[PDB]
Protein chains: 2
Amino acid sequence: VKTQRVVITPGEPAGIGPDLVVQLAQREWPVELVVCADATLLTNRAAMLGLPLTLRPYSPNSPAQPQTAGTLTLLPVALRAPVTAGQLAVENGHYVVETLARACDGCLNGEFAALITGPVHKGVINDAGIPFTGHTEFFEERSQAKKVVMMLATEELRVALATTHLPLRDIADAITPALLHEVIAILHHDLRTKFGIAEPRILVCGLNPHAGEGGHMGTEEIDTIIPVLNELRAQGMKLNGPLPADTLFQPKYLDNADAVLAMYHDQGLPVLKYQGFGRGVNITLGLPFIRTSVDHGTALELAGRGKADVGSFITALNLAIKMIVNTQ
Amino acid sequence: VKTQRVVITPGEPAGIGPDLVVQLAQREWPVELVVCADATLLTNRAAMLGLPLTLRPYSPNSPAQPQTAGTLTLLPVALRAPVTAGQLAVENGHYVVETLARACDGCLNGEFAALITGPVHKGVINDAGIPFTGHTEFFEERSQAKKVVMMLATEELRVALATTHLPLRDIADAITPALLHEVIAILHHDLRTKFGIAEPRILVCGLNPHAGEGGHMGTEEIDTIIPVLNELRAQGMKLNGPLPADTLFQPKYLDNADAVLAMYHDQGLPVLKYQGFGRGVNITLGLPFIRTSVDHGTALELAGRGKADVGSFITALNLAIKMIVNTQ
Ligand SMILES: [Zn+2]
Ligand SMILES: [Zn+2]
């Protein structure tokens with residue numbers, strides 16, 4: 001058994017990502033933590049927080065070593081400008097993108113067994129003149145990925161999104177048998193080859209309230225959702241639904257599921273966040289590599305202060321680690 | 001003080017409403033429970049359930065008296081045909097609607113402090129040639145209500161819906177300033193006049209994920225929601241601007257708010273359903289009187305069997321009582 005390596009991108013320097021990473025470093029880890037970021041950034045922030053940090057260099061041509069408490073391994077990318085916690089900085093936009101580009105490739109190459117990302121600020125990135133829609137779009141394109149799927153998981157509750165950040169008004173047309181087949185395939189595949197579930201049991205939400213109540217609140221379940229499930233169920237895939245989302249989200253139903261397929265953003269996330277502030281993880285399915293992320297944003301306001309909550313990041317790390325195990 | 005009267009309509013005689021009312025009658029009550037139903041119907045169901053029941057006649061020309069355990073007060077209405085649990089009898093559709101009419105007028109004329117409804121079967125009512133768009137629409141109409149707002153509550157969380165049963169594709173255009181202005185007005189009005197919450201605190205969801213995230217993920221928050229909210233804030237209403245639905249159901253917000261206002265069905269009820277077990281209550285806002293209701297169907301299958309579950313009915317009644325006492 002060879003010790004594995006994982007790359008972490010704290011993301012937005014002015015954000016709380018660097019803080020959270022310093023806290024992560026305060027413990028033992030079965031894998032080596034290769035943090036792609038500015039050393040000075042990590043050093044100062046650590047200092048402000050009052051937490052000891054010791055960076056050791058990324059040595060690719062050497063056996064990997066589990067990261068020991070108070071330490072992290074470094075894969076440097078330099079800040080384009082100095083950093084003051086709490087205040088953004090347009091140019092650091094290229095820095096954030098740099099570390100994201102370096103980490104992705106590392107996983108595309110094979111240097112790292114997984115990528116766990118910290119919160120980034122899109123705005124600042126775009127203002128710096130860089131085309132950026134979010135991590136899930138960045139890693140998707142840079143990997144030449146046919147299509148991915150987003151998931152937010154806690155422990156026993158995993159929710160997948162057929163469509164993501166689309167205005168409410170454009171959802172209906174977006175859900176087509178084409179979208180659904182690609183989607184469920186990647187979901188079912190990954191629940192098996194990543195989460196290690198032999199026979200994944202997916203619950204499926206209907207597009208409409210009450211799953212369209214057949215005759216009344218919509219025909220999308222009759223025209224595209226049901227036919228596709230009828231196909232995949234016949235292929236031995238276990239798919240329960242379309243079910244009204246406000247019936248499906250009960251333990252009587254959940255305690256017998258491996259995951260939930262929500263048709264859109266607000267149909268599945270509200271219950272998840274409610275279910276776990278800390279513990280949630282966003283996992284990108286479909287990517288040519290294991291990638292998880294936190295469930296929160298940059299929280300500039302709390303940066304450098306000394307109060308964080310690495311709960312999500314830690315969870316995203318642990319899960320990234322388990323997936324390694326189930327994918328090795 | 002004086003004892004308050006509430007009126008309860010068990011509803012469809014063949015369903016669980018009657019079993020439920022008998023069950024709720026096994027404990028003491030701070031108010032007189034005037035049940036608008038058939039005497040023999042309640043007594044038979046109580047005997048089949050092995051539960052004691054002693055009816056005393058409703059007598060308006062007398063002081064109300066807190067209901068004693070094992071008893072109920074009765075506002076008689078003759079069934080049209082005998083009743084057999086689990087079997088719909090169309091001639092009895094007139095009985096059901098007659099109890100709704102009687103309880104309704106009772107509330108409208110000051111006889112009763114509130115109305116608490118058990119499940120009703122629309123199918124059998126229409127089958128008897130009786131127009132019935134719905135249980136809550138019936139009261140909406142009999143009381144010349146300009147408009148009603150549906151709320152789902154759990155004695156811990158209150159969720160109002162700007163729009164209910166509509167195909168997902170129709171919500172976007174359905175949310176006009178006109179609709180939103182009114183819905184909020186009634187919500188705010190009733191939290192104050194029916195819940196007794198002087199100066200109510202309301203959290204409003206945005207229509208799109210991330211509440212629009214500027215104008216790059218939905219233009220409605222800018223086009224109609226925020227404009228309507230600012231105006232309403234001028235009126236002195238404490239409205240907490242369009243928030244992302246996925247992060248609104250966090251304790252930091254909920255614990256310091258009196259109600260949430262979702263733009264649509266699946267955006268607000270799933271959390272409510274998840275955090276509710278069965279204690280979900282249906283509250284109809286905008287009527288000239290207080291009205292609470294169970295969050296379930298008639299369950300003909302369970303009728304008479306003895307294994308109902310009075311969770312919803314007890315909450316509905318306890319909530320209606322809390323509302324009464326909190327507004328005397
Ligand atoms: Zn999102
Ligand atoms: Zn509904």
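Residues numbered from 1 in each chain as written, not as in the entry; some residues may be left out. Chains lettered and ligands numbered in written order. Heavy atoms only, no water. Residues with missing side-chain atoms left out of burial classes, pairs and counts.

Method of determination, as given in the entry header: X-ray crystallography; reported resolution: 2.47 Å.

**Thoughts on the overall build of chain A**
Worth spelling out the cut-off: Counting from the N terminus, the helices are the DSSP runs of H or I reaching at least four residues and the strands are the DSSP runs of E reaching at least two. In this treatment the radius of gyration is a C-alpha quantity, and the globule benchmark scales as 2.2 Å times the residue count to the 0.38 power. Between two residues, a contact is recorded if the distance between any of their heavy atoms is within 4.5 Å.
Summing up its helical and strand segments, chain A has 12 helices and 12 strands in all. The C-alpha radius of gyration of chain A comes to 20 Å, within 12% of the 20 Å expected for a compact globule of 328 residues. Looking at chain A alone, contacts between residues at least 24 apart form 75% of all its contacts between residues at least 6 apart.

**Side note on the sheet that holds strand β8 (residues 201-205) of chain B**
All names here are of chain B. Threshold: When DSSP finds two or more bridges between two strands, those strands count as paired. Axis definition: a line fitted to C-alpha atoms, limited for helices to the stretch in contact. Angles are taken between N-to-C directions and run from 0 to 180 degrees.
Read from one edge of the open sheet, 12 strands run β3-β4-β2-β1-β5-β12-β11-β6-β7-β10-β8-β9, paired in mixed fashion. Each end of this open sheet is capped by a strand with a single partner; those strands are β3 (54-57) and β9 (238-243). The average angle at which neighbouring strand axes cross in this sheet is 30 degrees, direction not considered. Relative to strand β11 (residues 281-285), strand β6 (residues 149-153) is paired through 5 bridges, and the arrangement is antiparallel. Considered in β11, the bridge of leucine 152 is made with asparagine 282. Helix α12 (residues 311-325) rests against β1 (5-9), β2 (32-37), β5 (115-117), β6, β11 and β12 (291-294) of the sheet, and its axis sits at about 165 degrees to β12.

**Notes on the coordination of the zinc ion (ligand 2)**
This is how it is decided: Note that water is not among the atoms considered, so a metal site may appear incomplete; the donors listed are N, O and S atoms within 2.8 Å of the metal, with 3.2 Å applied to Na, K and Ca. Only protein chains enter the accessibility calculation, which uses a 1.4 Å probe. A residue is then buried if its area is under 20% of the maximum for its type, exposed if over 50%, and partly exposed in between.
All of the protein donors around the zinc ion (ligand 2) are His210(A) (NE2), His165(B) (NE2) and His265(B) (NE2); their distances to the metal are 2.1 to 2.6 Å. Of the two residues, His165(B) is situated in the loop between β7 (158-161) and α6 (168-174) and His265(B) in helix α11 (residues 265-274); the sequence distance between them amounts to 100 residues. You can call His165(B) partly exposed: its relative accessible area is 40%. Taking relative accessible area as the criterion, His265(B) reaches 4% and is therefore assigned buried.

**Some points on the packing of aromatic side chains**
All names here are of chain A. We apply this condition: Working definition: rings of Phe, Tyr and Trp (its six-membered ring) pair if their centres are within 6.5 Å, and the pair is stacked with planes under 30 degrees apart, edge-to-face with planes over 60 apart, and tilted otherwise.
All chains considered together, the criterion is met by 10 aromatic pairs over all chains. Ring plane angle 85 degrees and centroid distance 6.4 Å describe the contact between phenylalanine 139 and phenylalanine 289, whose orientation is recorded as edge-to-face. In this pair, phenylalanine 139 is assigned in helix α5 (residues 135-142) and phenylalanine 289 in the loop between β11 (281-285) and β12 (291-293), connecting sequence segments 150 residues apart. Judged by its relative accessible area of 0%, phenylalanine 139 is buried. Judged by its relative accessible area of 7%, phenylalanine 289 falls in the buried class.

**What about the relation of the copies chain B and chain A?**
This is how the line gets drawn: Superposition of the copies is carried out by least squares, using only their C-alpha atoms.
Laying chain B over chain A is done by rotating through 175 degrees and shifting 0.3 Å along the axis; what remains is an RMSD of 1.2 Å. On this basis, the relationship between the two copies can be described by a two-fold rotation axis. Both copies present the same face, since 88% of the interface residues in chain B are matched by interface residues at the equivalent positions in chain A.

**Some thoughts on the nonpolar core**
Generally speaking, soluble globular proteins have nonpolar side chains that are buried together. Quick reminder of the rule: In this description, a nonpolar core means a group of buried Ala, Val, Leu, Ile, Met, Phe, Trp, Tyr and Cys residues linked to one another through side-chain atoms lying within 4.5 Å.
Among the nonpolar cores identified, the biggest contains 188 residues, and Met151(A), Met263(A), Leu261(B) and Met263(B) are the most heavily contacted of them. Setting aside residues no more than four positions away along its own chain, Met151(A) makes contact with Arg158(A), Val159(A), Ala160(A), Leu187(A), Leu191(A), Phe195(A), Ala259(A), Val281(A), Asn282(A), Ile283(A) and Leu285(A). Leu152(A), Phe249(A), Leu269(A) and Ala262(B) belong to the second-largest nonpolar core, a separate cluster that totals 34 residues.

**What to know about the packing of helix α1 (residues 17-24) of chain A against helix α2 (residues 39-49) of chain A**
Working note: a packed helix pair is described by the angle between its axes plus the distance between those axes. All names here are of chain A. The following threshold applies: Throughout this description, any angle smaller than 35 degrees is read as roughly parallel, any larger than 145 degrees as roughly antiparallel, any in the 65 to 115 degree range as roughly perpendicular, and the remainder as oblique. We call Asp, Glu, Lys and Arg charged. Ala, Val, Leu, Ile, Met, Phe, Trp, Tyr, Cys and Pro are nonpolar, and the rest, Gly among them, are polar.
Relative to each other, α1 and α2 sit at 75 degrees, their axes nearing to 9 Å. Taken together, the axes of α1 and α2 are roughly perpendicular relative to one another. Across from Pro18, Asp19, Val21 and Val22 in α1, the residues of α2 making contact are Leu41, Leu42, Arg45, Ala46 and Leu49. Partitioning the contact of α1 with α2 into residue classes produces 7 nonpolar, no polar and 2 charged.

**Quick word on the sheet that holds strand β8 (residues 201-205) of chain A**
Residues and elements named next belong to chain A. The sheet built from 12 strands is open, its strands ordered β3-β4-β2-β1-β5-β12-β11-β6-β7-β10-β8-β9 with mixed pairing. Looking at strand neighbours, the two that pair on one side only are β3 (54-57) and β9 (238-243), the edges of this open sheet. The sheet shows a mean angle of 30 degrees between the axes of neighbouring strands, taken without regard to direction. By the bridge criterion, 2 bridges tie strand β2 (residues 32-35) to strand β4 (residues 71-74) in an arrangement that is parallel. By the bridge assignment for β4, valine 35 is matched with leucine 74.

**Quick look at the pattern of salt bridges**
Note the following rule: Every case where a carboxyl oxygen of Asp or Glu lies within 4 Å of a side-chain nitrogen of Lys or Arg is listed as a salt bridge.
Evaluated as defined, the whole model comprises 21 salt bridges over all chains. For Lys122(A), the salt bridge goes to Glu213(B), with nearest N and O atoms at 2.8 Å. Linking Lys122(A) in helix α4 (residues 122-127) with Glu213(B) in the loop between β8 and α8 (220-234), this pair reaches from one chain into another. On the basis of relative accessible area, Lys122(A) is assigned to the partly exposed category, the value being 27%. Of the charged contacts in the structure, one is a salt bridge between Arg201(B) and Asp258(B), with a shortest N-O distance of 2.8 Å. Within this pair, whereas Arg201(B) is found in strand β8, its partner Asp258(B) is found in the loop between α10 (251-254) and β10 (259-262), the two being separated by 57 residues in sequence. On the accessibility criterion, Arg201(B) (30% relative accessible area) is partly exposed.

**A closer look at the interface of chain B and chain A**
Listed per partner, the contact involves 32 residues of chain B and 33 residues of chain A. If you list the elements that add at least two residues to the side of chain B that touches chain A, you get α6, α9 (245-248) and α11 of chain B. Of all the elements, α11(B) adds the most residues to the side of chain B that touches chain A, at 8 residues.

**With respect to the pairing of β2(B)**
Working note: regular strand, side chains alternate between the two faces of the sheet. All names here are of chain B. In terms of burial, β2 is a largely internal element, 6 of the 6 residues being buried. Side chains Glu32, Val34 and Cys36 of β2 all project onto a buried face; the interleaved residues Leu33, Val35 and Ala37 project onto the opposite face, where all are buried too. Pairing geometry for β1 and β2, over 4 bridges, is parallel. Residue pairing in the sheet places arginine 5 in a bridge with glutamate 32 of β2.

**Details of the pairing of β12(B)**
All names here are of chain B. Going residue by residue along β12, you find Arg291 and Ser293 tucked away on one face and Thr292 and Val294 tucked away on the opposite face as well. Bridging between β5 and β12 involves 3 bridges; their strand directions are parallel. Each bridged residue has a counterpart across the sheet, and for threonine 117 the counterpart in β12 is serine 293. The sheet contact formed by β11 and β12 spans 3 bridges and is antiparallel. Looking at the pairing, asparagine 282 lines up with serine 293 of β12. Linkage of β11 to β12, two consecutive antiparallel strands, is achieved through a turn of 5 residues, within which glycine 286 is found at a positive phi near 90 degrees.

**Let's talk about the environment of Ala303(A)**
All names here are of chain A. Looking at the secondary structure, you find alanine 303 in the loop between β12 and α12 (311-327). Remark: the alpha-carbon pair of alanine 303 and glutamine 87, spanning 216 residues in sequence, is separated by 9.3 Å. Every residue in contact with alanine 303, bar those within four places of it in the chain, is listed here: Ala14, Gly15, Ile16, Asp19, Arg45, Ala85 and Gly86.

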